[PDB]
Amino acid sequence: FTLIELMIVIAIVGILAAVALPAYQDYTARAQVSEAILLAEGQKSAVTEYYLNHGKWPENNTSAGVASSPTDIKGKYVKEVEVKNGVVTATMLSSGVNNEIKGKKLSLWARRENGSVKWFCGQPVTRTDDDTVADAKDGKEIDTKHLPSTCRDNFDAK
């Protein structure tokens, strides 16, 4: 009816928002990084086979038998996915991505189980030897808060 009554509603409605978005902004990013992960996976098939058939991790996308160009394995929030010695790292785009996750990435690497291998998912890693990787510490890793509970693996997870 009156002006002020409206301002209260508007103030009320507007306060539930300011309060509620630092968590939607995260549900959001946590949704986006969740795909960088789905695009990262599916590259496991290629990579696993290459390793088991040859006993050497595929050096790049072409070796693993996937889109030779990493930029062809891109998405909406994913600007690409590159295989670097069995390690598959997904990168977050720069257009259409939260704010503190864009340009950031995660990695998926595996480990010789002997006759088979086990996969890990976590923050950017680099392969050292056929059975050892390490934190690709550089400052572009997707922050722990944005990663699922299933993608919290450390460089030395076994």
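Residue numbers run from 1 along the displayed sequence.
- Relative to one another, 82-90 and 68-76 have unequal mean CA B-factors, and 68-76 is the one with the higher figure.
- The deposited model assigns a higher average Cα B-factor to 93-101 than to the other stretch when 93-101 and 126-134 are compared.
- When the Cα B-factors of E49, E41, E59, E35 are read from the PDB record, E35 comes out highest.
- For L106, the recorded CA temperature factor ranks within the middle third of the chain's modelled residues.
- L147: CA B factor in the lowest third of modelled residues in this chain (values from the PDB entry).
- Per-chain ranking of the deposited C-alpha B factor places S45 in the lowest third.
- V117 sits in the middle third of its chain by CA B factor, as recorded in the PDB entry.
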